[PDB]
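Asks: Got a structure for you, questions after.
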Amino acid sequence: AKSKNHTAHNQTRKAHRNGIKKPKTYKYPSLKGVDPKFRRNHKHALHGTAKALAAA
Amino acid sequence: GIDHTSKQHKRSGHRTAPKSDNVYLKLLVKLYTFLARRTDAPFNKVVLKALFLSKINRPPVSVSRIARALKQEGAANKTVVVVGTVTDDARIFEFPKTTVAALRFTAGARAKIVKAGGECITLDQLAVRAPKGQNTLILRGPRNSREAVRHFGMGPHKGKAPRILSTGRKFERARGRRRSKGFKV
Amino acid sequence: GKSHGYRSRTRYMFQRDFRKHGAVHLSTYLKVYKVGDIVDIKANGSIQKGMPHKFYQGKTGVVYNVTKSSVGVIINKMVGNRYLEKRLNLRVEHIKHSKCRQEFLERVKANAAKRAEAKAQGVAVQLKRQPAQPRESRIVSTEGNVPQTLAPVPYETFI
Amino acid sequence: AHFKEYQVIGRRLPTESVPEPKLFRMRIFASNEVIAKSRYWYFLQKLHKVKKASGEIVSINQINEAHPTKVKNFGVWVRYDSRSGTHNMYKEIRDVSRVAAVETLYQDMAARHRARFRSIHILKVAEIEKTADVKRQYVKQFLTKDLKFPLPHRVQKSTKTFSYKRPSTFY
Amino acid sequence: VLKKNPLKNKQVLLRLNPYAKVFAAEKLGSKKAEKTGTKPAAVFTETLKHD
Amino acid sequence: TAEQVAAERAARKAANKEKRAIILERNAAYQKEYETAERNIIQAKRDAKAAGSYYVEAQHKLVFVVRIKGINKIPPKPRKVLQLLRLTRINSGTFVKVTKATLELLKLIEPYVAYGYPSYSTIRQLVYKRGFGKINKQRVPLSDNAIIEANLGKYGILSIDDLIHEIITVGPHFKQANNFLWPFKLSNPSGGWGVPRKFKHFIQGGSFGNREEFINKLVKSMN
RNA sequence: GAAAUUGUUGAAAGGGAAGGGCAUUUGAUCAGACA
RNA sequence: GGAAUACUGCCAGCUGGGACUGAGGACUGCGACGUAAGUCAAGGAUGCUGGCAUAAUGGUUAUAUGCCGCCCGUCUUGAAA
RNA sequence: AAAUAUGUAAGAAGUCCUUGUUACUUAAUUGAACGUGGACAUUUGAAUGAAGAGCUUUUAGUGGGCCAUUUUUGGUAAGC
RNA sequence: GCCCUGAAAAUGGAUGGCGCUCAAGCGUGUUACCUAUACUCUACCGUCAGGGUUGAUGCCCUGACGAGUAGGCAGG
Ligand SMILES: [Mg+2]
Ligand SMILES: [Mg+2]
Ligand SMILES: [Mg+2]
Ligand SMILES: [Mg+2]
Ligand SMILES: [Mg+2]
Ligand SMILES: [Mg+2]
Ligand SMILES: [Mg+2]
Ligand SMILES: [Mg+2]
Ligand SMILES: [Mg+2]
Ligand SMILES: [Mg+2]
Ligand SMILES: [Mg+2]
Ligand SMILES: [Mg+2]
Ligand SMILES: [Mg+2]
Ligand SMILES: [Mg+2]
Ligand SMILES: [Mg+2]
Ligand SMILES: [Mg+2]
Ligand SMILES: [Mg+2]
Ligand SMILES: [Mg+2]
Ligand SMILES: [Mg+2]
Ligand SMILES: [Mg+2]
Ligand SMILES: [Mg+2]
Ligand SMILES: [Mg+2]
Ligand SMILES: [Mg+2]
Ligand SMILES: [Mg+2]
Ligand SMILES: [Mg+2]
Ligand SMILES: [Mg+2]
Ligand SMILES: [Mg+2]
Ligand SMILES: [Mg+2]
Ligand SMILES: [Mg+2]
Ligand SMILES: [Mg+2]
Ligand SMILES: [Mg+2]
Ligand SMILES: [Mg+2]
Ligand SMILES: [Mg+2]
Ligand SMILES: [Mg+2]
Ligand SMILES: [Mg+2]
Ligand SMILES: [Mg+2]
Ligand SMILES: [Mg+2]
Ligand SMILES: [Mg+2]
Ligand SMILES: [Mg+2]
């Protein structure tokens, strides 16, 4: 016997039950995939300004 | 008929009293429900809800936690409040004196405050001294270090701890855990 | 059998505009992109490398990385009942600076300067736009304009 | 409904290019002023480039009959839509007032040609100045000298269900 | 324990909004406006009665 | 203890006496403010006519909307807009400041609601009889000016008539003064809707759409 | 010594099933309130 | 030329008839009317009078009348089938 | 080349001044990042609403569907 | 336009029925009326919520809400 193949029916209705959320925004985001050079460099740059800020 | 914009007869997701039958716990509540209601004292409110909390929500504060908190600047002389039980920690050596307000103290922890010259206070005693909660430090244990939390959010590439009854190589180490056998997580 | 490919259904989408073909003018290579910029993704069918998948065409997002010939871009894609964060690696021919931010920045300058000339004179600010308000009372005159009265028109065939 | 006649005047919204834009007027037959304003736009949008978004209604004023107790002959010109297509018509209505005639204009076009309100545009209504400028026999009947007719077979609407004598139609 | 409708129940109509007293007493539910003689010019009635 | 009550009592009795005559002062000033506002427009219309010009009224800033359709089988876009105007229930109604921003919320909502321009006499009769406030959620009947003054006082508006004045004038606190009013739960029109079949435009056979001045006759049969 | 099921007696109803619901009429019956 | 009237709208204008409801239970509140002392229709019904004091109201039940009611249970997109 | 649908934006996680850090990058003390210190909170930079927002764990049932409007494919068509 | 012809099926029969002809038909307009578990106001049950206050599962004040198979929980 043949039976239904696909339909999108109701899926939006279920979606909006709990749904649409948001992106969950944060300050200081994930650095995943940033250039590894300038990542290496940005490590020592941050180390420098923290050492300097403690020297005061 | 109404077109409601929110689920009807939905009850507040917060505990209204502790799930315990401990009659002395009830008393401590009965105190702080009076305290919270008749005072401003935001401290009292927090403690009120704190008394309702479940064991999983009242993780022990060790005696070293209290010690490192007292090292905050200007905190040295405050009196620590821990709604929950406080534990002893051998790892520290020099322990300050101060005073602690807690539900329960372990043997070691009691001897370790006292032998440092400090004092052990229950929350009703803390209440009489600080009715508005004056000069208190409130401490909470690390509830997210629990074992079970290792397994929450288990997934591919999620880095969590699988639920496993036995551990080692040949236990869920092979196909899908390593590039060499199939794929990797 | 069914066919869903990476470029499936992009026939018109990736076509180049009428009579704008061939070489890409130099302005697109001289633009400069900074992390936190807002960019408009429109794929360029003459440049096959660094190409967005058809879904992101028309979508706008923020650039999280900057590389030699390309920028990484962040797009929020809804899948299921929530959005998921996507990071896109796109070559600078597929990218353009969003002009929408550009109006906003220009209004913050204008807003800051309005608040200054107001605070220097100590008077009211009101920097938030109001929508169009209904209208105000008018007196239209009849001098030169006598209302020229109109009638519906009989049916007529023009064929 | 029960009709009134309105004067609706309006104009394009003024622009810096063109303040003082030309004004247009229609006599609109309607039941109230809300329909009237709409029906102003309805034809204006047929005759001119305006939407009631890009225009405004300068004035709306009712029009009361000039001589409400004077029996007049009216010519009426209409465009209406049948089922198979669209048609222009001339009919005559003999009545006391311009609204009175437009009321029974719509009854006729409904009854005889099954043409609802939405189908019909009233092209012109004009009192007929001189008798025997009247073309239509079903008016001219009543324009004769010393016109008298009877009303035979008179039906007296009865008050109570039962009557105690055989009724008569006599008049 | 009871909503009372100020548009009936004069006690309440006075409880909110005094000047109810003044209103009634000065009438001004009535109050004829003044009498002006402006006449509409010419062109207005020329176009009013137009075809 | 026995004397200091007449202290606190005679105090408030005077601060009541004071708040009272302030409302008595204000409400007198509103009466003049309306009476002269309308009277100007009338003459301005006369003046235009004598000058052979046409006086065009300003478009209304204030519109009252009541939902005349049931809560079943509503499209999702209008269903949102209907909630965002707080009409979730048949015959319930609120006020809307008229701008292009809410004008399109009247376009999308049009087949489910009847709306128009309410008269002072309506707004008054609405707020006195059906007026309710929003105080920590709960729906509070407005029976004493203190209830208003408590919640709306920070804006001015210590009197039920200051609410009514704030509404009909729009102006500065309309957003807050309006949102304080609990949506008006109206009964069905006593005397009927006057059309056989409701859901069709007012232009078309009545009930649903903008009936302009005619909203007033309606609401007063429901109210 | 229950139920199905049956005899007698007593009350009742019944123009092609019976039984149900709301409501009152009628008949039968019965509780509740004062020294 | 001076009115009237229709229409539409407003009155914190006055008044006749009917219906359902009487929650609450010392006092506290907002008021109104008074020169005043007081009074009130102002944060929920009191006053006056009559009959009965029992199957009368009422409950139960059987019957009668009006309108209404397909046989449950299950599978099912769909069951009185 | 519409309509309806659709992406992004409407600030304190913002704006401006000053001038620290670095192995990156520049011919260059240039830039790129991330900072110290100073300034600006009334309307805190459209509307509406908001009866609260956010977050975690855990587990039932389901995974034969069917119908109406409009869009719409196969079929002469169908209660297909 | 309405009316007629065009217009042939199997038990006896359905504008729902009766019946209706300046309709009880067709087109259209105007009112008055009838009545849903829907709207409005009150009383009551319950559910949720907010607030007060020393049978504590307590007492009190206030508002909103009430459909349900499969299913989950809860009080009995
Ligand atoms: Mg199969
Ligand atoms: Mg399937
Ligand atoms: Mg294919
Ligand atoms: Mg293109
Ligand atoms: Mg193009
Ligand atoms: Mg390649
Ligand atoms: Mg009636
Ligand atoms: Mg009807
Ligand atoms: Mg037996
Ligand atoms: Mg036998
Ligand atoms: Mg019997
Ligand atoms: Mg029987
Ligand atoms: Mg009932
Ligand atoms: Mg006159
Ligand atoms: Mg009148
Ligand atoms: Mg009582
Ligand atoms: Mg009885
Ligand atoms: Mg039956
Ligand atoms: Mg079965
Ligand atoms: Mg099966
Ligand atoms: Mg069955
Ligand atoms: Mg499952
Ligand atoms: Mg199955
Ligand atoms: Mg079927
Ligand atoms: Mg027949
Ligand atoms: Mg019939
Ligand atoms: Mg007739
Ligand atoms: Mg008829
Ligand atoms: Mg029922
Ligand atoms: Mg409670
Ligand atoms: Mg609380
Ligand atoms: Mg409580
Ligand atoms: Mg207590
Ligand atoms: Mg308790
Ligand atoms: Mg209980
Ligand atoms: Mg309690
Ligand atoms: Mg309900
Ligand atoms: Mg339920
Ligand atoms: Mg429910």
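Scheme for the structure tokens: letters A, B, ... for chains in order shown; per-chain residue numbers from 1; ligand numbers from 1 in order shown.
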Which residues come within 12 Å of segment 2-17 of chain J, counting only C-alpha atoms (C1' of nucleotides), excluding same-chain residues fewer than 4 positions away, as a VMD selection string?
Replies: (chain D and resid 111 to 114) or (chain J and resid 24 to 27)
Asks: I'd like the contact shell of residue 163 of chain F - 12 Å cut-off, only C-alpha atoms (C1' of nucleotides), skipping same-chain residues fewer than 4 positions apart - returned as a ChimeraX atom specification.
Replies: /E:17 /F:23,26-27,30,123-124,126-128,131-133,142,145,147-149,151-153,155-159,167-181
Asks: With C-alpha atoms kept, could you save the residues just selected as a PDB file, in the first residue's frame?
Replies:
ATOM      1  CA  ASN E  17     -15.315  64.842  39.476  1.00  0.00           C
TER       2      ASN E  17
ATOM      3  CA  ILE F  23      -9.397  68.495  40.315  1.00  0.00           C
ATOM      4  CA  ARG F  26      -8.580  71.273  36.340  1.00  0.00           C
ATOM      5  CA  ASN F  27     -11.887  69.813  35.213  1.00  0.00           C
ATOM      6  CA  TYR F  30     -10.802  71.064  30.490  1.00  0.00           C
ATOM      7  CA  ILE F 123     -14.826  58.287  25.996  1.00  0.00           C
ATOM      8  CA  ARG F 124     -16.364  59.763  29.120  1.00  0.00           C
ATOM      9  CA  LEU F 126     -16.652  54.448  28.548  1.00  0.00           C
ATOM     10  CA  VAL F 127     -14.261  55.350  31.326  1.00  0.00           C
ATOM     11  CA  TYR F 128     -16.844  56.034  34.042  1.00  0.00           C
ATOM     12  CA  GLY F 131     -13.195  51.982  33.264  1.00  0.00           C
ATOM     13  CA  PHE F 132     -10.753  49.557  34.945  1.00  0.00           C
ATOM     14  CA  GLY F 133      -7.099  49.891  35.811  1.00  0.00           C
ATOM     15  CA  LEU F 142     -11.734  52.938  38.900  1.00  0.00           C
ATOM     16  CA  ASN F 145      -9.488  59.255  41.974  1.00  0.00           C
ATOM     17  CA  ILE F 147      -6.549  54.822  42.413  1.00  0.00           C
ATOM     18  CA  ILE F 148      -5.771  56.775  39.265  1.00  0.00           C
ATOM     19  CA  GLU F 149      -3.497  59.259  41.030  1.00  0.00           C
ATOM     20  CA  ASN F 151      -0.571  54.740  39.422  1.00  0.00           C
ATOM     21  CA  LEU F 152      -0.804  57.561  36.847  1.00  0.00           C
ATOM     22  CA  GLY F 153       0.087  60.497  39.114  1.00  0.00           C
ATOM     23  CA  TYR F 155       2.535  61.725  34.779  1.00  0.00           C
ATOM     24  CA  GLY F 156       0.110  64.282  36.084  1.00  0.00           C
ATOM     25  CA  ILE F 157      -3.296  62.623  35.831  1.00  0.00           C
ATOM     26  CA  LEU F 158      -4.591  62.429  39.367  1.00  0.00           C
ATOM     27  CA  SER F 159      -8.216  62.444  38.208  1.00  0.00           C
ATOM     28  CA  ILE F 167      -6.989  60.041  26.085  1.00  0.00           C
ATOM     29  CA  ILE F 168      -9.073  62.317  23.894  1.00  0.00           C
ATOM     30  CA  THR F 169      -6.229  64.754  23.365  1.00  0.00           C
ATOM     31  CA  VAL F 170      -3.593  62.089  22.784  1.00  0.00           C
ATOM     32  CA  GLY F 171      -0.506  64.006  23.870  1.00  0.00           C
ATOM     33  CA  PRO F 172       2.381  63.238  26.119  1.00  0.00           C
ATOM     34  CA  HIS F 173       1.392  60.363  28.345  1.00  0.00           C
ATOM     35  CA  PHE F 174      -1.152  58.737  26.060  1.00  0.00           C
ATOM     36  CA  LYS F 175       1.005  55.613  25.801  1.00  0.00           C
ATOM     37  CA  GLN F 176       1.139  55.079  29.544  1.00  0.00           C
ATOM     38  CA  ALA F 177      -2.248  56.629  30.401  1.00  0.00           C
ATOM     39  CA  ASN F 178      -3.901  54.411  27.822  1.00  0.00           C
ATOM     40  CA  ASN F 179      -2.060  51.219  28.738  1.00  0.00           C
ATOM     41  CA  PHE F 180      -3.227  51.752  32.312  1.00  0.00           C
ATOM     42  CA  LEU F 181      -6.842  51.272  31.172  1.00  0.00           C
TER      43      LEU F 181
END
Asks: Give the residue list for ligand 4 at 10 Å, counting only C-alpha atoms (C1' of nucleotides) and all ligand atoms, as number ranges by chain, sorted by chain and then by residue number.
Replies: C: 12-18, 42-44
Asks: Identify, on the basis of only C-alpha atoms (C1' of nucleotides), every residue whose closest approach to residue 33 of chain D does not exceed 8 Å; exclude the query and any residue fewer than 4 positions from it along the same chain; express the result as a PyMOL selection string.
Replies: chain D and resi 6+37+60
Asks: Using only C-alpha atoms (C1' of nucleotides) and all ligand atoms, which residues of the polymer chains come no farther than 10 Å from ligand 7? I'd like the answer as number ranges by chain.
Replies: F: 190-192; J: 32-33
Asks: Could you name the residues that touch segment 116-122 of chain D at 6 Å or less, counting only C-alpha atoms (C1' of nucleotides), but leaving out those on the same chain fewer than 5 positions away, as JSON, numbers by chain?
Replies: {"D": [78, 79, 80, 81, 110]}
Asks: Using only C-alpha atoms (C1' of nucleotides) and all ligand atoms, which protein or nucleic acid residues are at most 9 Å from ligand 2, as a list in words?
Replies: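 Using only C-alpha atoms (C1' of nucleotides) and all ligand atoms, everything at most 9 Å from ligand 2 comes to residues 3, 4, 5, 6 and 7 of chain A; 63, 64 and 65 of chain I.
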Asks: Only N, CA, C and O atoms (P, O5', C5', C4', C3', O3' and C1' of nucleotides), please: the residues just picked out, written as a PDB file, in the first residue's frame.
Replies:
ATOM      1  N   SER A   3       1.530   5.167   0.961  1.00  0.00           N
ATOM      2  CA  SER A   3       1.257   6.014   2.111  1.00  0.00           C
ATOM      3  C   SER A   3       1.985   7.332   1.910  1.00  0.00           C
ATOM      4  O   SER A   3       2.917   7.421   1.103  1.00  0.00           O
ATOM      5  N   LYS A   4       1.554   8.344   2.673  1.00  0.00           N
ATOM      6  CA  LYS A   4       1.981   9.718   2.456  1.00  0.00           C
ATOM      7  C   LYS A   4       3.501   9.807   2.345  1.00  0.00           C
ATOM      8  O   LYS A   4       4.229   9.042   2.975  1.00  0.00           O
ATOM      9  N   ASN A   5       3.975  10.713   1.486  1.00  0.00           N
ATOM     10  CA  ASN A   5       5.396  10.834   1.170  1.00  0.00           C
ATOM     11  C   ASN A   5       6.090  11.900   2.003  1.00  0.00           C
ATOM     12  O   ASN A   5       7.006  11.609   2.772  1.00  0.00           O
ATOM     13  N   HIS A   6       5.698  13.145   1.830  1.00  0.00           N
ATOM     14  CA  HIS A   6       6.215  14.193   2.683  1.00  0.00           C
ATOM     15  C   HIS A   6       5.160  15.279   2.771  1.00  0.00           C
ATOM     16  O   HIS A   6       4.350  15.457   1.861  1.00  0.00           O
ATOM     17  N   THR A   7       5.125  15.958   3.900  1.00  0.00           N
ATOM     18  CA  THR A   7       4.451  17.236   3.892  1.00  0.00           C
ATOM     19  C   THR A   7       5.015  18.078   5.023  1.00  0.00           C
ATOM     20  O   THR A   7       5.491  17.557   6.043  1.00  0.00           O
TER      21      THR A   7
ATOM     22  P     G I  63       1.567   6.358  15.270  1.00  0.00           P
ATOM     23  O5'   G I  63       2.579   6.822  14.140  1.00  0.00           O
ATOM     24  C5'   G I  63       2.384   8.066  13.498  1.00  0.00           C
ATOM     25  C4'   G I  63       3.687   8.628  13.019  1.00  0.00           C
ATOM     26  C3'   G I  63       4.565   7.674  12.237  1.00  0.00           C
ATOM     27  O3'   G I  63       4.236   7.690  10.862  1.00  0.00           O
ATOM     28  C1'   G I  63       5.842   8.800  13.900  1.00  0.00           C
ATOM     29  P     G I  64       3.695   6.367  10.134  1.00  0.00           P
ATOM     30  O5'   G I  64       2.272   6.076  10.808  1.00  0.00           O
ATOM     31  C5'   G I  64       1.119   6.890  10.545  1.00  0.00           C
ATOM     32  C4'   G I  64       0.391   6.442   9.304  1.00  0.00           C
ATOM     33  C3'   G I  64      -0.743   7.335   8.806  1.00  0.00           C
ATOM     34  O3'   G I  64      -0.604   7.511   7.404  1.00  0.00           O
ATOM     35  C1'   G I  64      -1.464   5.093   8.934  1.00  0.00           C
ATOM     36  P     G I  65       0.591   8.409   6.801  1.00  0.00           P
ATOM     37  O5'   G I  65      -0.142   9.686   6.186  1.00  0.00           O
ATOM     38  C5'   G I  65      -0.704  10.703   7.013  1.00  0.00           C
ATOM     39  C4'   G I  65      -2.082  10.318   7.489  1.00  0.00           C
ATOM     40  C3'   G I  65      -3.261  10.982   6.811  1.00  0.00           C
ATOM     41  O3'   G I  65      -3.577  10.382   5.566  1.00  0.00           O
ATOM     42  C1'   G I  65      -3.569  11.016   9.144  1.00  0.00           C
TER      43        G I  65
END
Asks: Taking only C-alpha atoms (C1' of nucleotides) and all ligand atoms into account, list the residues no farther than 12 Å from ligand 6, as a list in words.
Replies: residues 47, 48, 49, 50 and 51 of chain C
Asks: Can you spit out the residues from that selection as a PDB file, in the first residue's frame, using N, CA, C and O atoms?
Replies:
ATOM      1  N   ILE C  47      33.288  34.534 -10.185  1.00  0.00           N
ATOM      2  CA  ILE C  47      34.333  34.089  -9.275  1.00  0.00           C
ATOM      3  C   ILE C  47      33.824  32.854  -8.563  1.00  0.00           C
ATOM      4  O   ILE C  47      32.988  32.945  -7.659  1.00  0.00           O
ATOM      5  N   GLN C  48      34.362  31.704  -8.943  1.00  0.00           N
ATOM      6  CA  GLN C  48      33.848  30.459  -8.403  1.00  0.00           C
ATOM      7  C   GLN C  48      34.452  30.116  -7.048  1.00  0.00           C
ATOM      8  O   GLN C  48      33.825  29.388  -6.263  1.00  0.00           O
ATOM      9  N   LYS C  49      35.634  30.634  -6.741  1.00  0.00           N
ATOM     10  CA  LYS C  49      36.196  30.324  -5.443  1.00  0.00           C
ATOM     11  C   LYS C  49      35.614  31.247  -4.380  1.00  0.00           C
ATOM     12  O   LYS C  49      35.133  32.347  -4.673  1.00  0.00           O
ATOM     13  N   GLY C  50      35.640  30.773  -3.136  1.00  0.00           N
ATOM     14  CA  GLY C  50      35.141  31.571  -2.024  1.00  0.00           C
ATOM     15  C   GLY C  50      33.663  31.861  -2.143  1.00  0.00           C
ATOM     16  O   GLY C  50      33.198  32.945  -1.763  1.00  0.00           O
ATOM     17  N   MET C  51      32.939  30.942  -2.633  1.00  0.00           N
ATOM     18  CA  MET C  51      31.571  31.172  -3.020  1.00  0.00           C
ATOM     19  C   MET C  51      30.613  30.744  -1.922  1.00  0.00           C
ATOM     20  O   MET C  51      30.738  29.631  -1.383  1.00  0.00           O
TER      21      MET C  51
END
Asks: Distance atom CA of residue 100 of chain D-atom CA of residue 48 of chain E, one decimal place?
Replies: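 Separating atom CA of residue 100 of chain D from atom CA of residue 48 of chain E is a distance of 19.4 Å.
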Asks: List as CSV every residue of chain D that is in contact with chain E, defined as an atom at most 10 Å from one of its atoms (using only C-alpha atoms), together with the nearest atom pair and the distance in Å rounded to one decimal, sorted by chain and then rising number.
Replies:
residue,atom,partner,partner_atom,distance
D:6,CA,E:48,CA,9.7
D:7,CA,E:48,CA,7.1
D:8,CA,E:48,CA,9.8
D:25,CA,E:47,CA,8.8
D:26,CA,E:51,CA,8.7
D:27,CA,E:51,CA,7.7
D:61,CA,E:48,CA,8.1
D:62,CA,E:48,CA,9.0
D:63,CA,E:48,CA,7.5
D:64,CA,E:49,CA,9.3
D:65,CA,E:49,CA,9.7
D:66,CA,E:49,CA,8.8
D:124,CA,E:51,CA,9.1
D:125,CA,E:51,CA,9.3
D:126,CA,E:51,CA,8.9
Asks: If you keep N, CA, C and O atoms, can you produce a file of those selected residues as a PDB file, in the first residue's frame?
Replies:
ATOM      1  N   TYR D   6     -24.626  63.516  -2.146  1.00  0.00           N
ATOM      2  CA  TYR D   6     -23.505  64.219  -1.539  1.00  0.00           C
ATOM      3  C   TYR D   6     -22.653  64.920  -2.589  1.00  0.00           C
ATOM      4  O   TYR D   6     -22.533  64.464  -3.730  1.00  0.00           O
ATOM      5  N   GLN D   7     -22.055  66.032  -2.189  1.00  0.00           N
ATOM      6  CA  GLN D   7     -21.009  66.673  -2.971  1.00  0.00           C
ATOM      7  C   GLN D   7     -19.683  66.281  -2.350  1.00  0.00           C
ATOM      8  O   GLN D   7     -19.451  66.529  -1.167  1.00  0.00           O
ATOM      9  N   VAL D   8     -18.829  65.650  -3.129  1.00  0.00           N
ATOM     10  CA  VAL D   8     -17.523  65.250  -2.643  1.00  0.00           C
ATOM     11  C   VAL D   8     -16.479  65.965  -3.467  1.00  0.00           C
ATOM     12  O   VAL D   8     -16.428  65.812  -4.694  1.00  0.00           O
ATOM     13  N   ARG D  25     -14.719  67.419  -8.231  1.00  0.00           N
ATOM     14  CA  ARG D  25     -15.974  67.256  -7.522  1.00  0.00           C
ATOM     15  C   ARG D  25     -16.785  66.147  -8.176  1.00  0.00           C
ATOM     16  O   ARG D  25     -16.733  65.952  -9.390  1.00  0.00           O
ATOM     17  N   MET D  26     -17.534  65.413  -7.359  1.00  0.00           N
ATOM     18  CA  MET D  26     -18.566  64.514  -7.858  1.00  0.00           C
ATOM     19  C   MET D  26     -19.827  64.651  -7.036  1.00  0.00           C
ATOM     20  O   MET D  26     -19.775  64.767  -5.810  1.00  0.00           O
ATOM     21  N   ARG D  27     -20.961  64.581  -7.703  1.00  0.00           N
ATOM     22  CA  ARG D  27     -22.182  64.268  -6.999  1.00  0.00           C
ATOM     23  C   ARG D  27     -22.213  62.750  -6.891  1.00  0.00           C
ATOM     24  O   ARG D  27     -22.175  62.048  -7.914  1.00  0.00           O
ATOM     25  N   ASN D  61     -20.246  67.627   1.492  1.00  0.00           N
ATOM     26  CA  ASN D  61     -21.403  68.424   1.874  1.00  0.00           C
ATOM     27  C   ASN D  61     -22.656  67.807   1.273  1.00  0.00           C
ATOM     28  O   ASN D  61     -22.690  67.542   0.070  1.00  0.00           O
ATOM     29  N   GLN D  62     -23.689  67.611   2.083  1.00  0.00           N
ATOM     30  CA  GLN D  62     -24.899  67.039   1.515  1.00  0.00           C
ATOM     31  C   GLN D  62     -25.546  68.028   0.547  1.00  0.00           C
ATOM     32  O   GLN D  62     -25.223  69.211   0.530  1.00  0.00           O
ATOM     33  N   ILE D  63     -26.433  67.524  -0.306  1.00  0.00           N
ATOM     34  CA  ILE D  63     -27.159  68.347  -1.269  1.00  0.00           C
ATOM     35  C   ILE D  63     -28.638  68.053  -1.129  1.00  0.00           C
ATOM     36  O   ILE D  63     -29.081  66.935  -1.414  1.00  0.00           O
ATOM     37  N   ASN D  64     -29.404  69.060  -0.733  1.00  0.00           N
ATOM     38  CA  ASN D  64     -30.829  68.908  -0.513  1.00  0.00           C
ATOM     39  C   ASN D  64     -31.631  69.398  -1.699  1.00  0.00           C
ATOM     40  O   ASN D  64     -31.291  70.401  -2.328  1.00  0.00           O
ATOM     41  N   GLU D  65     -32.724  68.691  -1.970  1.00  0.00           N
ATOM     42  CA  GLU D  65     -33.461  68.920  -3.204  1.00  0.00           C
ATOM     43  C   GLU D  65     -33.930  70.365  -3.280  1.00  0.00           C
ATOM     44  O   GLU D  65     -34.305  70.971  -2.270  1.00  0.00           O
ATOM     45  N   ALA D  66     -33.894  70.912  -4.495  1.00  0.00           N
ATOM     46  CA  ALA D  66     -34.209  72.317  -4.689  1.00  0.00           C
ATOM     47  C   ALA D  66     -35.684  72.599  -4.436  1.00  0.00           C
ATOM     48  O   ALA D  66     -36.022  73.632  -3.859  1.00  0.00           O
ATOM     49  N   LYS D 124     -25.712  60.140 -15.291  1.00  0.00           N
ATOM     50  CA  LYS D 124     -26.263  61.476 -15.139  1.00  0.00           C
ATOM     51  C   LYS D 124     -27.702  61.351 -14.694  1.00  0.00           C
ATOM     52  O   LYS D 124     -28.418  60.467 -15.166  1.00  0.00           O
ATOM     53  N   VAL D 125     -28.150  62.270 -13.850  1.00  0.00           N
ATOM     54  CA  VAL D 125     -29.576  62.412 -13.581  1.00  0.00           C
ATOM     55  C   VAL D 125     -29.963  63.854 -13.859  1.00  0.00           C
ATOM     56  O   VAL D 125     -29.362  64.782 -13.306  1.00  0.00           O
ATOM     57  N   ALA D 126     -30.935  64.049 -14.737  1.00  0.00           N
ATOM     58  CA  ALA D 126     -31.276  65.387 -15.186  1.00  0.00           C
ATOM     59  C   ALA D 126     -32.786  65.544 -15.262  1.00  0.00           C
ATOM     60  O   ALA D 126     -33.439  64.829 -16.027  1.00  0.00           O
TER      61      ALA D 126
END
Asks: Show me which residues line ligand 11, defined as having an atom within 10 Å of a ligand atom where only C-alpha atoms (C1' of nucleotides) and all ligand atoms count, and present them as a ChimeraX atom specification.
Replies: /G:10-13,27-28 /H:61-63
Asks: Residues of chain F within 9 Å of chain I, counting only C-alpha atoms (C1' of nucleotides), what are they? List them as a list in words.
Replies: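 Matching residues, ligands excluded from the count: residues 81, 83, 84, 85, 86, 99, 100, 101, 102, 105, 136, 137 and 138 of chain F.
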Asks: To check your reading of the model: which residues sit at most 12 Å from ligand 36 when counting only C-alpha atoms (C1' of nucleotides) and all ligand atoms? Write the answer as number ranges by chain.
Replies: B: 16-17, 29-30, 33-34; J: 51-53, 56-60
Asks: Atom CA of residue 31 of chain C and atom CA of residue 92 of chain C, how far apart in Å?
Replies: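 So the two atoms, atom CA of residue 92 of chain C and atom CA of residue 31 of chain C, lie 8.4 Å apart.
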